[PDB]
Amino acid sequence: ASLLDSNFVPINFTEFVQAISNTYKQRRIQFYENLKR
Amino acid sequence: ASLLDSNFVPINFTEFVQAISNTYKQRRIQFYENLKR
Amino acid sequence: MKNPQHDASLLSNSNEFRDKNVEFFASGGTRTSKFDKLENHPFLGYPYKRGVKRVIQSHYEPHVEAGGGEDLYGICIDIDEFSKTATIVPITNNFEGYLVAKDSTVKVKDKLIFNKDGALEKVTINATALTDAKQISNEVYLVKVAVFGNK
Amino acid sequence: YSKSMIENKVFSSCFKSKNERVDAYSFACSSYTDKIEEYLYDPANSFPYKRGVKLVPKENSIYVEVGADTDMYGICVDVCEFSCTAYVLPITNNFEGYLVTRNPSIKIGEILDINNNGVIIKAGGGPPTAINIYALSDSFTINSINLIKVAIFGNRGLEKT
Amino acid sequence: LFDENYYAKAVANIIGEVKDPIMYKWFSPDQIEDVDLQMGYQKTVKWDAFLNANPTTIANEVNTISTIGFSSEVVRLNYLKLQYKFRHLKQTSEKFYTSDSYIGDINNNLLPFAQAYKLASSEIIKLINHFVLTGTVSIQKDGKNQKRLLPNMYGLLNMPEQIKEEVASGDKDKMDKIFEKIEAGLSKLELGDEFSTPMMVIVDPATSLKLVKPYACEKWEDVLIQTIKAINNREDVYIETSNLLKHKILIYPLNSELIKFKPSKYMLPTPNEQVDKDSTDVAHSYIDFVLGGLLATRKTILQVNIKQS
Amino acid sequence: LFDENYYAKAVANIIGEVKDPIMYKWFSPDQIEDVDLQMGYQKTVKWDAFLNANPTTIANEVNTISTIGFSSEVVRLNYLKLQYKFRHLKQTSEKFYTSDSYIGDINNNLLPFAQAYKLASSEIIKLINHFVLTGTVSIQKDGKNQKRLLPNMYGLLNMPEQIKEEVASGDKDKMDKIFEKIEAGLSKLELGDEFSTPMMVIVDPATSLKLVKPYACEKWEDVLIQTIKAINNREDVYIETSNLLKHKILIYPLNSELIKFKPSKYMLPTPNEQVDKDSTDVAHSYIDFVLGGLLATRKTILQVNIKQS
Amino acid sequence: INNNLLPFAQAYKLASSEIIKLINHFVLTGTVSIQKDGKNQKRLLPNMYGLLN
C-alpha cells in the first residue's frame, strides 16, 4: 500500500496513514539508491 | 548440490554436509567476484 | 610404542582365543561403561597405561606426564601419536584394566600406589591388584587392577 | 547479589578475553555424563552462585548453603532466582571452570582451598586442605568480584599443610 | 475515502513535493530501520557469544569438550509524540480567493490546505533534523528555551558515554591545538573488530573555514582525512558542513554494528484526522510527528567542543 | 532428511546469515584450493624440468641430441580437527519462550538453536582467521595458554625459512630505522622469475598511525609503496590493517606459484549429527572445523618485528 | 514380579493416578508433601495458594 501506486485506493484514515509511512520509506530507499559520494 | 538451490532436497546427513561445503565454496567465489580492490 | 608398525614377511598364526588380550597394544579397559568420563590432553614423554600428573608452566596450556603421589591426576588409557594427545580417565572415575607395574613382586589382593613414574607399586592407597604381574617384554610388567580413587 | 544483574542508555563496547563475565557459563570444558542436582538455597543468608556448597537438611527441605572444603558436598554452578533453586555438581565429579575467589592476586598453578564462605583462597592459609584444587589462570576482577579458573578433581588422600 | 475526505485527497496529491530530509546523508542505508510505535518505550536485546577455552582436539574417544557461552544486554529507547496546529482556508471557500495564478489572501496571509500543508511539513522536517544532530529541540538561534525531553532520547552530539574533547578558549583560533585534541580523541576511540568501515565528519561553518587553511602545500583537511584513514582501514571519509552546529566537530563510523538509528515509522509529519470547522472560511488542521530512536555503543562517537570563552 | 531433523533444517535456513571470513582479503582467488581431508596429513608433489645442455642444431644427419631432465619435491601438510559445544533451547520448547519481538530466556542466557548456531559460528570463524594470520591458537589478550599444535602447521607470521627482521626497542619510534630494516628485508627477498605479481602488506594499528606521518609533502606509506613497486615489476600493492597483529609487519606476494593455501573443504564451521538431549528443555550441540593447509616457498615472506622491550 | 518391573502401559497408568492424587491434594490444601505427617513440604513460589491456605 503506497501512494506512489496510482491503482491504490485507501478505505479509511488508518490505511491512509499506513500508505504515507510506506511512501516515506520507499522515498528514503530511493534516495539512498540515487545517492553518490 | 548447494543450499542455494530451492529444488535441492538432501536425503541424509552426509549430503547435507556436502551441500554446506559447496555453499561455503560458492560464497567464496562470489566474494572474490564482487571484490574490487 | 603402543602400536609399533613393522612390516612382516610371514603371517603369524593366531587361532587360540585364550591368553590373547594381555598385550601392550590393547588400549582402553576390560570393562567400560557408556557414562565413563574421558578427557584428551597434550602429553610429554610416553605415559601410556600409566598414572599421569598435570604439569602447569611463550606460554602454553597445561599438559600431562607420567607421575603420581599427591600430584596424581588420572590414568592414561589410550594415546594418539599423530596428534600427540592422550586420552585420560580422571582419578574421580573408577577404572578396570591392565596397567604398568614396577616389578613382578605385585600379586593378587595387593594394595598398590602410583609411584613418581606412574607405575604401580606395593604399599594412601589407589588401586587393588586383581592378577599377578606378567612380563610382556623385557622389563614391562602389566597388572590388572580396579582403580577406586585414593584411599 | 545476582547473576544477570538493568536498562542501558548505550550498548557496551576481538574474540579474546570475552569470557570474563560474572554470568558466564561456569564449565570451561563440559561433558555429557556429568551429574547435576537441584536443591533449595537460603534466599537471604548467602548467594551460592559459583561457590562451594554443603547440604543442610532442614525441617522442611534439604537446602544448600555455602560451606568449607571440610564439609563440602559440591559446587554450585547455576542458580534460578525465580524459583530460588541451586544447581550443584557433586564433588565426586570433575570440574574445570570459573569460581569466586577473595584474593585478587593469585598466580597460575597455585594450590587452592575453599573457605567457610565457599570462596577460593590460597592453600597456605593454614587449614589442612582436603580437596585437589589448582589455579588454571590468574585471578581477574570484574568491576567488584574476583574470579579465577580452577580445576577440581576429587578429595586429597592425606590433608596437606 | 478520497470521495469524502478532500483534505486526505489533497495530502496524497501533494505528498511528493516535500523535499527529502537532509539527515539521511548522515547515515548509511543499513543504519536506519523503522519501528512500529507512537509514544512509549521499547527494549532492544543484543546477543553475543564467547569462547570459554581452547578448542578440543577430536582424536580417539573423548567426552569432555570446550564450551561456548552466550550473553545478553538490554537497551531502552524512549519515543515522544509531538503535534502542531495551522490555519488554512476551507475547501469550499477556495473559489472566492482564486486570484490571477495564485490562491490565498495576501492581506490576511491565508493559504489553501494543500500549500499550507506542504510548507508546514518542510518546517517540521527541518526541526526533526536539528534534533537528530543535536539531541535538543529549540526554535532559537541561541539554542535556548529547549523543550524538556525524556531520558534515553539523545542525538549524535549529546549521546552519553562517548569521547568528549574540549579546546580551551585561549586556543580557539589555533588549528594545531584543535588538531592535537582531535588526535587524542581519535586514539581513545574503540571500534573493536568493526574498524574497517567508512567514517563521517560533521563540522560547523567556522571550523570548515579554518580547515581549508594551509597545514602549518597541504591543507588541514587533508591531514585530518589521512589521520582518520589510518584507523578505519584506509576507507572512505566523508566531510559535511551543517549550520546547526556551533564550534563543534562530530566524527563517528557509518556502521550499523556500532551506531543504529531506529525511528518510529511515524516520525515524519503525518496529518491528523480532526479538522476544526466553524461558520467562517478559516479552518484548522493538525500535524503529528515522533522523535527518538537513536542507538549507539559506548566510546564510538568523538565530540569536540571549541570553547569560545 | 529435513522432515526428520529440525536442526538440519534450521542450519540450512540460517547458514547464509554468517558473514564471510576476512582472511579471504589476504589471498588472491587463485591461491585457495580446497582439499578432501578431515584429519591427517597429505603429501603434495611438485614437479620441475631443467635443461641439461645447449639445444641441438638440426642439420644433415645426427643422433646425439641434448636432453631435458626432471625433478620432484615432496611437501607434507598436517591438518587438525577441533570441536566446540554449546547449549541451546529445544525445538519443542521454543514456543514457551517466544516473547514479544524476541525468543529466549534473558535471565538464563538461553537462545533458540538458529540464533545460537549463528553466534557460535561467527566466533569460531574469528578464531580461524587469527590462526591463519598468526599460526597460534589462544583465547587470551596476552596470547598465553596457547594450544600446542602439530608440526607442518604454520601461519603467515610464524612460517620458518623466511626473512625475519627485528627492530631494537630503542628504535621503536624511529620510522627511519623501521624503514631501513624493511628495505634490508626486501633486498633479501628472493622471488626469482615470478617477481611480476601483486604484493600484500599487513600492519598493526600502531604501525598504521606511524605510516601516515610526513616522510623524513610525502608520506612513509607512499615511500613504502614505491619501494615495493620497484621489486614487484610495479604491480599493485595493497595495504591492510589488522587488530590481530601487534608491532608486526607482513609483506608477501599474492602469486599462486609462491604461496598457496590448501585448506580442507571442512575448515569452516560445520554442524555435527550428535545432539545431547534429556528430560529438560536444554540441549547441546557440537560444531566442527579443521585447521591447517598453508604452503609457501622459502624466502618469500618478510616478517618484521618491532621489539617493545 | 520378582523385580517389580511392569510393561510401560501399566506403569504409566499407575504413575499418572498417583500424580493426580497429589495434584488434588495441592488444590484443596495448598501444600505439596508425601508424608502423612505433612512435613518435608516442597517450597513453592509466592502467589501459589490453595483453598485452605
# chains A, B, ... in the order shown; residues from 1 in each chain; ligands from 1
call {"tool": "residues_around", "arguments": {"residues": "residue D:22", "least_positions_apart": "3", "cutoff": "9 Å", "atoms": "only C-alpha atoms", "output": "number ranges by chain"}}
result
D: 3-4, 19, 25, 142, 145, 147
call {"tool": "write_last_selection", "arguments": {"atoms": "N, CA and C atoms", "output": "CSV table (one decimal), in the first residue's frame"}}
result
chain,number,residue,atom,x,y,z
D,3,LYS,N,23.2,-12.8,39.4
D,3,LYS,CA,24.0,-13.1,38.2
D,3,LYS,C,23.7,-12.3,37.0
D,4,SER,N,22.4,-12.2,36.6
D,4,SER,CA,22.1,-11.3,35.4
D,4,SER,C,22.3,-9.9,35.7
D,19,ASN,N,35.2,-13.9,27.9
D,19,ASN,CA,34.6,-14.8,28.9
D,19,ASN,C,34.7,-14.2,30.3
D,25,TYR,N,29.2,-18.9,31.3
D,25,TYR,CA,29.0,-20.3,31.5
D,25,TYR,C,30.1,-20.9,32.4
D,142,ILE,N,36.2,-8.3,38.1
D,142,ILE,CA,35.1,-7.7,37.3
D,142,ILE,C,34.6,-6.5,38.2
D,145,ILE,N,34.0,-8.1,41.9
D,145,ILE,CA,34.1,-9.5,42.2
D,145,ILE,C,35.3,-10.1,41.6
D,147,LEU,N,37.3,-13.5,40.2
D,147,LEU,CA,37.0,-14.8,39.6
D,147,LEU,C,38.4,-15.4,39.2
call {"tool": "select_by_dssp", "arguments": {"residues": "stretch 91-255 of chain E", "states": "strand (DSSP E or B)", "output": "number ranges by chain"}}
result
E: 98-99, 102-103, 163-167, 199-203, 214, 219, 237-241, 248-253
call {"tool": "select_by_dssp", "arguments": {"residues": "stretch 36-267 of chain E", "states": "alpha helix (DSSP H)", "output": "MDAnalysis selection string"}}
result
chainID E and resid 113:134 175:188 205:211 220:229
call {"tool": "write_last_selection", "arguments": {"atoms": "N, CA and C atoms", "output": "short mmCIF file (atom, residue, chain, number, x, y, z; two decimals), in the first residue's frame"}}
result
data_model
loop_
_atom_site.label_atom_id
_atom_site.label_comp_id
_atom_site.auth_asym_id
_atom_site.auth_seq_id
_atom_site.Cartn_x
_atom_site.Cartn_y
_atom_site.Cartn_z
N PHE E 113 -5.39 24.56 1.68
CA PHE E 113 -4.92 23.49 2.54
C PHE E 113 -3.67 22.82 1.97
N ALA E 114 -3.64 22.61 0.66
CA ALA E 114 -2.52 21.89 0.05
C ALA E 114 -1.21 22.64 0.22
N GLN E 115 -1.20 23.94 -0.11
CA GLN E 115 0.02 24.73 0.05
C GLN E 115 0.40 24.87 1.51
N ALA E 116 -0.59 25.06 2.39
CA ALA E 116 -0.30 25.19 3.81
C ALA E 116 0.37 23.94 4.35
N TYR E 117 -0.14 22.77 3.96
CA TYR E 117 0.41 21.52 4.46
C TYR E 117 1.85 21.32 4.00
N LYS E 118 2.13 21.63 2.73
CA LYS E 118 3.48 21.43 2.20
C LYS E 118 4.50 22.30 2.93
N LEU E 119 4.18 23.59 3.11
CA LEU E 119 5.11 24.47 3.80
C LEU E 119 5.28 24.06 5.26
N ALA E 120 4.19 23.70 5.92
CA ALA E 120 4.28 23.27 7.31
C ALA E 120 5.13 22.02 7.45
N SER E 121 4.97 21.07 6.53
CA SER E 121 5.76 19.85 6.59
C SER E 121 7.25 20.15 6.45
N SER E 122 7.60 21.07 5.56
CA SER E 122 9.01 21.40 5.35
C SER E 122 9.64 21.96 6.62
N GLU E 123 8.93 22.85 7.31
CA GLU E 123 9.46 23.41 8.54
C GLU E 123 9.66 22.34 9.60
N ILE E 124 8.69 21.44 9.75
CA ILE E 124 8.79 20.40 10.77
C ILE E 124 9.96 19.47 10.47
N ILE E 125 10.15 19.12 9.20
CA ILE E 125 11.24 18.22 8.84
C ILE E 125 12.58 18.85 9.21
N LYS E 126 12.71 20.16 9.02
CA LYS E 126 13.93 20.85 9.43
C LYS E 126 14.14 20.71 10.93
N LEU E 127 13.06 20.83 11.71
CA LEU E 127 13.18 20.69 13.16
C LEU E 127 13.62 19.29 13.55
N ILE E 128 13.08 18.27 12.89
CA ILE E 128 13.48 16.90 13.19
C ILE E 128 14.97 16.71 12.91
N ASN E 129 15.46 17.30 11.82
CA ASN E 129 16.88 17.22 11.52
C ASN E 129 17.72 17.84 12.62
N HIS E 130 17.27 18.97 13.16
CA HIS E 130 18.01 19.63 14.23
C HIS E 130 18.12 18.74 15.46
N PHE E 131 17.04 18.04 15.81
CA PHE E 131 17.05 17.18 16.98
C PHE E 131 18.00 16.00 16.81
N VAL E 132 17.96 15.34 15.64
CA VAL E 132 18.79 14.16 15.44
C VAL E 132 20.26 14.51 15.54
N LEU E 133 20.65 15.66 14.99
CA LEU E 133 22.04 16.08 15.05
C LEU E 133 22.43 16.51 16.46
N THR E 134 21.57 17.28 17.12
CA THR E 134 21.93 17.91 18.38
C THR E 134 21.35 17.23 19.61
N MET E 175 44.73 26.11 14.94
CA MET E 175 44.37 24.84 14.33
C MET E 175 45.24 23.70 14.83
N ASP E 176 46.51 23.98 15.13
CA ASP E 176 47.39 22.94 15.65
C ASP E 176 46.88 22.42 16.99
N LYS E 177 46.44 23.32 17.87
CA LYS E 177 45.88 22.90 19.15
C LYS E 177 44.59 22.12 18.95
N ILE E 178 43.73 22.58 18.05
CA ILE E 178 42.48 21.88 17.79
C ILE E 178 42.76 20.49 17.23
N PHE E 179 43.70 20.40 16.28
CA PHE E 179 44.02 19.10 15.70
C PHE E 179 44.66 18.17 16.73
N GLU E 180 45.40 18.73 17.69
CA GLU E 180 46.00 17.91 18.74
C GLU E 180 44.93 17.21 19.56
N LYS E 181 43.88 17.94 19.94
CA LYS E 181 42.78 17.33 20.67
C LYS E 181 42.10 16.25 19.84
N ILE E 182 41.95 16.49 18.54
CA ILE E 182 41.33 15.51 17.66
C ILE E 182 42.14 14.22 17.66
N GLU E 183 43.47 14.34 17.55
CA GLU E 183 44.31 13.14 17.54
C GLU E 183 44.19 12.37 18.85
N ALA E 184 44.18 13.08 19.98
CA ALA E 184 44.00 12.42 21.26
C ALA E 184 42.64 11.73 21.33
N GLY E 185 41.59 12.43 20.88
CA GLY E 185 40.27 11.81 20.85
C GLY E 185 40.21 10.62 19.92
N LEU E 186 40.86 10.72 18.75
CA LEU E 186 40.85 9.61 17.81
C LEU E 186 41.53 8.38 18.39
N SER E 187 42.62 8.58 19.13
CA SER E 187 43.30 7.45 19.74
C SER E 187 42.40 6.73 20.74
N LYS E 188 41.65 7.49 21.54
CA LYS E 188 40.78 6.91 22.56
C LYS E 188 39.59 6.17 21.97
N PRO E 205 30.35 25.89 10.06
CA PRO E 205 30.98 26.73 9.03
C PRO E 205 32.29 27.37 9.47
N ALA E 206 32.38 27.80 10.73
CA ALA E 206 33.62 28.41 11.20
C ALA E 206 34.78 27.42 11.16
N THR E 207 34.53 26.17 11.56
CA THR E 207 35.57 25.16 11.53
C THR E 207 36.02 24.86 10.10
N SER E 208 35.07 24.79 9.17
CA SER E 208 35.41 24.48 7.78
C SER E 208 36.32 25.54 7.19
N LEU E 209 36.09 26.81 7.53
CA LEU E 209 36.96 27.87 7.05
C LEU E 209 38.38 27.68 7.56
N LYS E 210 38.53 27.24 8.81
CA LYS E 210 39.87 27.01 9.35
C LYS E 210 40.53 25.81 8.68
N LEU E 211 39.74 24.81 8.30
CA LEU E 211 40.31 23.57 7.77
C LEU E 211 41.01 23.79 6.43
N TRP E 220 44.89 21.44 6.25
CA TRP E 220 44.47 20.76 7.47
C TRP E 220 43.41 19.71 7.19
N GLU E 221 42.55 19.95 6.21
CA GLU E 221 41.54 18.96 5.85
C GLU E 221 42.19 17.67 5.35
N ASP E 222 43.21 17.79 4.50
CA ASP E 222 43.90 16.60 4.00
C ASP E 222 44.58 15.85 5.13
N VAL E 223 45.22 16.57 6.06
CA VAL E 223 45.87 15.92 7.19
C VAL E 223 44.84 15.18 8.03
N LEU E 224 43.69 15.81 8.28
CA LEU E 224 42.64 15.16 9.05
C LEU E 224 42.13 13.90 8.37
N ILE E 225 41.93 13.96 7.05
CA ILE E 225 41.42 12.79 6.34
C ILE E 225 42.41 11.64 6.42
N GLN E 226 43.70 11.93 6.24
CA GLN E 226 44.72 10.89 6.32
C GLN E 226 44.75 10.27 7.71
N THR E 227 44.63 11.10 8.75
CA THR E 227 44.67 10.58 10.12
C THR E 227 43.51 9.63 10.38
N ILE E 228 42.31 9.99 9.90
CA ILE E 228 41.16 9.11 10.06
C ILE E 228 41.34 7.84 9.24
N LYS E 229 41.91 7.97 8.04
CA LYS E 229 42.13 6.80 7.20
C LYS E 229 43.09 5.82 7.85
#
call {"tool": "residues_around", "arguments": {"residues": "stretch 21-25 of chain A", "least_positions_apart": "4", "cutoff": "10 Å", "atoms": "only C-alpha atoms", "output": "VMD selection string"}}
result
(chain A and resid 1 to 5 15 to 17 29 to 31) or (chain E and resid 12 15 to 16 20 33 to 34 264 to 270)
call {"tool": "calpha_fit_and_write", "arguments": {"fixed": "chain A", "moving": "chain B", "output": "PDB file with N, CA and C atoms, in the first residue's frame"}}
result
ATOM      1  N   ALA B   1       1.319  -1.270  -0.217  1.00  0.00           N
ATOM      2  CA  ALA B   1       0.386  -0.151  -0.235  1.00  0.00           C
ATOM      3  C   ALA B   1       1.119   1.173  -0.072  1.00  0.00           C
ATOM      4  N   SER B   2       1.206   1.935  -1.158  1.00  0.00           N
ATOM      5  CA  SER B   2       1.887   3.219  -1.152  1.00  0.00           C
ATOM      6  C   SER B   2       1.087   4.221  -1.972  1.00  0.00           C
ATOM      7  N   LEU B   3       1.312   5.503  -1.683  1.00  0.00           N
ATOM      8  CA  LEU B   3       0.663   6.567  -2.438  1.00  0.00           C
ATOM      9  C   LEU B   3       1.207   6.697  -3.851  1.00  0.00           C
ATOM     10  N   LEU B   4       2.326   6.039  -4.160  1.00  0.00           N
ATOM     11  CA  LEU B   4       2.868   6.087  -5.512  1.00  0.00           C
ATOM     12  C   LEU B   4       1.983   5.334  -6.495  1.00  0.00           C
ATOM     13  N   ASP B   5       1.293   4.295  -6.033  1.00  0.00           N
ATOM     14  CA  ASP B   5       0.464   3.486  -6.915  1.00  0.00           C
ATOM     15  C   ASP B   5      -0.783   4.256  -7.328  1.00  0.00           C
ATOM     16  N   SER B   6      -1.047   4.293  -8.635  1.00  0.00           N
ATOM     17  CA  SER B   6      -2.280   4.909  -9.114  1.00  0.00           C
ATOM     18  C   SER B   6      -3.484   4.021  -8.846  1.00  0.00           C
ATOM     19  N   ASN B   7      -3.266   2.713  -8.715  1.00  0.00           N
ATOM     20  CA  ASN B   7      -4.345   1.769  -8.458  1.00  0.00           C
ATOM     21  C   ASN B   7      -4.690   1.643  -6.980  1.00  0.00           C
ATOM     22  N   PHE B   8      -3.935   2.289  -6.093  1.00  0.00           N
ATOM     23  CA  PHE B   8      -4.196   2.199  -4.661  1.00  0.00           C
ATOM     24  C   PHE B   8      -5.310   3.164  -4.275  1.00  0.00           C
ATOM     25  N   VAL B   9      -6.375   2.633  -3.692  1.00  0.00           N
ATOM     26  CA  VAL B   9      -7.498   3.421  -3.208  1.00  0.00           C
ATOM     27  C   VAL B   9      -7.687   3.123  -1.726  1.00  0.00           C
ATOM     28  N   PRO B  10      -7.308   4.046  -0.847  1.00  0.00           N
ATOM     29  CA  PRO B  10      -7.493   3.815   0.589  1.00  0.00           C
ATOM     30  C   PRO B  10      -8.964   3.750   0.960  1.00  0.00           C
ATOM     31  N   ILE B  11      -9.251   2.968   1.995  1.00  0.00           N
ATOM     32  CA  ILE B  11     -10.613   2.764   2.463  1.00  0.00           C
ATOM     33  C   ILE B  11     -10.939   3.654   3.655  1.00  0.00           C
ATOM     34  N   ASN B  12     -10.003   3.791   4.590  1.00  0.00           N
ATOM     35  CA  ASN B  12     -10.221   4.574   5.794  1.00  0.00           C
ATOM     36  C   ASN B  12      -8.936   5.320   6.126  1.00  0.00           C
ATOM     37  N   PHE B  13      -8.964   6.052   7.239  1.00  0.00           N
ATOM     38  CA  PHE B  13      -7.820   6.879   7.602  1.00  0.00           C
ATOM     39  C   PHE B  13      -6.611   6.045   7.998  1.00  0.00           C
ATOM     40  N   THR B  14      -6.824   4.911   8.671  1.00  0.00           N
ATOM     41  CA  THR B  14      -5.695   4.096   9.107  1.00  0.00           C
ATOM     42  C   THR B  14      -4.892   3.588   7.918  1.00  0.00           C
ATOM     43  N   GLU B  15      -5.578   3.131   6.870  1.00  0.00           N
ATOM     44  CA  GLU B  15      -4.880   2.734   5.655  1.00  0.00           C
ATOM     45  C   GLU B  15      -4.154   3.918   5.036  1.00  0.00           C
ATOM     46  N   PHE B  16      -4.768   5.101   5.087  1.00  0.00           N
ATOM     47  CA  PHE B  16      -4.133   6.289   4.531  1.00  0.00           C
ATOM     48  C   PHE B  16      -2.827   6.600   5.250  1.00  0.00           C
ATOM     49  N   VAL B  17      -2.820   6.482   6.578  1.00  0.00           N
ATOM     50  CA  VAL B  17      -1.603   6.734   7.341  1.00  0.00           C
ATOM     51  C   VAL B  17      -0.535   5.702   7.005  1.00  0.00           C
ATOM     52  N   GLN B  18      -0.925   4.429   6.910  1.00  0.00           N
ATOM     53  CA  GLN B  18       0.041   3.389   6.581  1.00  0.00           C
ATOM     54  C   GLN B  18       0.657   3.629   5.212  1.00  0.00           C
ATOM     55  N   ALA B  19      -0.150   4.095   4.257  1.00  0.00           N
ATOM     56  CA  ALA B  19       0.376   4.403   2.933  1.00  0.00           C
ATOM     57  C   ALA B  19       1.414   5.514   2.999  1.00  0.00           C
ATOM     58  N   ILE B  20       1.168   6.531   3.826  1.00  0.00           N
ATOM     59  CA  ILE B  20       2.131   7.617   3.970  1.00  0.00           C
ATOM     60  C   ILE B  20       3.433   7.099   4.560  1.00  0.00           C
ATOM     61  N   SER B  21       3.341   6.252   5.588  1.00  0.00           N
ATOM     62  CA  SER B  21       4.546   5.683   6.180  1.00  0.00           C
ATOM     63  C   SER B  21       5.326   4.870   5.159  1.00  0.00           C
ATOM     64  N   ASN B  22       4.627   4.072   4.353  1.00  0.00           N
ATOM     65  CA  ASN B  22       5.297   3.324   3.296  1.00  0.00           C
ATOM     66  C   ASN B  22       5.920   4.262   2.274  1.00  0.00           C
ATOM     67  N   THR B  23       5.206   5.331   1.915  1.00  0.00           N
ATOM     68  CA  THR B  23       5.726   6.276   0.935  1.00  0.00           C
ATOM     69  C   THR B  23       7.011   6.924   1.431  1.00  0.00           C
ATOM     70  N   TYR B  24       7.049   7.293   2.711  1.00  0.00           N
ATOM     71  CA  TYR B  24       8.266   7.861   3.275  1.00  0.00           C
ATOM     72  C   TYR B  24       9.408   6.855   3.233  1.00  0.00           C
ATOM     73  N   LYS B  25       9.116   5.594   3.561  1.00  0.00           N
ATOM     74  CA  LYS B  25      10.143   4.559   3.531  1.00  0.00           C
ATOM     75  C   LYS B  25      10.679   4.351   2.123  1.00  0.00           C
ATOM     76  N   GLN B  26       9.788   4.280   1.132  1.00  0.00           N
ATOM     77  CA  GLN B  26      10.230   4.050  -0.239  1.00  0.00           C
ATOM     78  C   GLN B  26      11.079   5.206  -0.744  1.00  0.00           C
ATOM     79  N   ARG B  27      10.713   6.435  -0.387  1.00  0.00           N
ATOM     80  CA  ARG B  27      11.510   7.589  -0.786  1.00  0.00           C
ATOM     81  C   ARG B  27      12.906   7.520  -0.182  1.00  0.00           C
ATOM     82  N   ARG B  28      13.004   7.081   1.072  1.00  0.00           N
ATOM     83  CA  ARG B  28      14.308   6.920   1.705  1.00  0.00           C
ATOM     84  C   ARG B  28      15.156   5.892   0.971  1.00  0.00           C
ATOM     85  N   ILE B  29      14.558   4.762   0.597  1.00  0.00           N
ATOM     86  CA  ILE B  29      15.288   3.745  -0.153  1.00  0.00           C
ATOM     87  C   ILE B  29      15.717   4.297  -1.503  1.00  0.00           C
ATOM     88  N   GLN B  30      14.815   5.004  -2.179  1.00  0.00           N
ATOM     89  CA  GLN B  30      15.155   5.610  -3.460  1.00  0.00           C
ATOM     90  C   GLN B  30      16.272   6.633  -3.303  1.00  0.00           C
ATOM     91  N   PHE B  31      16.233   7.420  -2.227  1.00  0.00           N
ATOM     92  CA  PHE B  31      17.243   8.455  -2.029  1.00  0.00           C
ATOM     93  C   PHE B  31      18.637   7.853  -1.926  1.00  0.00           C
ATOM     94  N   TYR B  32      18.779   6.783  -1.144  1.00  0.00           N
ATOM     95  CA  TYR B  32      20.093   6.173  -0.974  1.00  0.00           C
ATOM     96  C   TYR B  32      20.569   5.513  -2.258  1.00  0.00           C
ATOM     97  N   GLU B  33      19.646   4.946  -3.035  1.00  0.00           N
ATOM     98  CA  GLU B  33      20.015   4.326  -4.302  1.00  0.00           C
ATOM     99  C   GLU B  33      20.608   5.348  -5.260  1.00  0.00           C
ATOM    100  N   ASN B  34      20.003   6.529  -5.338  1.00  0.00           N
ATOM    101  CA  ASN B  34      20.490   7.569  -6.229  1.00  0.00           C
ATOM    102  C   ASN B  34      21.618   8.386  -5.617  1.00  0.00           C
ATOM    103  N   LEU B  35      21.909   8.197  -4.334  1.00  0.00           N
ATOM    104  CA  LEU B  35      22.985   8.939  -3.695  1.00  0.00           C
ATOM    105  C   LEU B  35      24.336   8.388  -4.127  1.00  0.00           C
ATOM    106  N   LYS B  36      25.231   9.283  -4.537  1.00  0.00           N
ATOM    107  CA  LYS B  36      26.589   8.922  -4.940  1.00  0.00           C
ATOM    108  C   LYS B  36      27.550   9.865  -4.224  1.00  0.00           C
ATOM    109  N   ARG B  37      28.202   9.361  -3.182  1.00  0.00           N
ATOM    110  CA  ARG B  37      29.109  10.167  -2.380  1.00  0.00           C
ATOM    111  C   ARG B  37      30.438  10.379  -3.096  1.00  0.00           C
TER     112      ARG B  37
END
call {"tool": "closest_atom_pairs", "arguments": {"of": "chain D", "to": "chain E", "cutoff": "7 Å", "atoms": "only C-alpha atoms", "output": "tab-separated table"}}
result
residue	atom	partner	partner_atom	distance
D:7	CA	E:75	CA	5.3
D:8	CA	E:75	CA	4.5
D:9	CA	E:152	CA	5.7
D:10	CA	E:297	CA	5.3
D:11	CA	E:297	CA	4.3
D:12	CA	E:298	CA	5.5
D:13	CA	E:298	CA	5.5
D:14	CA	E:193	CA	5.7
D:15	CA	E:50	CA	6.6
D:18	CA	E:50	CA	5.7
D:19	CA	E:50	CA	5.9
D:24	CA	E:69	CA	6.4
D:25	CA	E:69	CA	5.4
D:28	CA	E:52	CA	5.2
D:29	CA	E:66	CA	4.2
D:30	CA	E:64	CA	5.5
D:31	CA	E:64	CA	4.3
D:32	CA	E:63	CA	6.5
call {"tool": "closest_residue", "arguments": {"among": "F:57, F:42, F:138, F:98", "to": "chain E", "atoms": "only C-alpha atoms"}}
result
F:138
call {"tool": "residues_around", "arguments": {"residues": "residue G:46", "least_positions_apart": "2", "cutoff": "12 Å", "atoms": "only C-alpha atoms", "output": "PyMOL selection string"}}
result
(chain D and resi 82-84) or (chain G and resi 30+43-44+48-50)
call {"tool": "write_last_selection", "arguments": {"atoms": "C-alpha atoms", "output": "short mmCIF file (atom, residue, chain, number, x, y, z; two decimals), in the first residue's frame"}}
result
data_model
loop_
_atom_site.label_atom_id
_atom_site.label_comp_id
_atom_site.auth_asym_id
_atom_site.auth_seq_id
_atom_site.Cartn_x
_atom_site.Cartn_y
_atom_site.Cartn_z
CA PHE D 82 12.72 -17.15 40.05
CA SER D 83 12.42 -20.48 41.89
CA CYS D 84 15.45 -19.85 44.17
CA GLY G 30 -2.16 -25.57 49.04
CA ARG G 43 8.87 -24.94 48.88
CA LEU G 44 6.64 -23.24 46.32
CA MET G 48 0.59 -20.00 44.74
CA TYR G 49 -2.17 -20.92 47.19
CA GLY G 50 -4.87 -23.50 47.76
#
call {"tool": "atom_distance", "arguments": {"atom1": "atom CA of residue E:246", "atom2": "atom CA of residue E:304"}}
result
10.9 Å
call {"tool": "residues_around", "arguments": {"residues": "residue C:93", "least_positions_apart": "2", "cutoff": "9 Å", "atoms": "only C-alpha atoms", "output": "NGL selection string"}}
result
(:C and (36-37 or 74 or 89-91 or 95 or 147-149)) or (:D and (92-94))
call {"tool": "atom_distance", "arguments": {"atom1": "atom CA of residue F:285", "atom2": "atom CA of residue F:18"}}
result
17.7 Å
call {"tool": "atom_distance", "arguments": {"atom1": "atom CA of residue D:125", "atom2": "atom CA of residue C:56"}}
result
21.9 Å
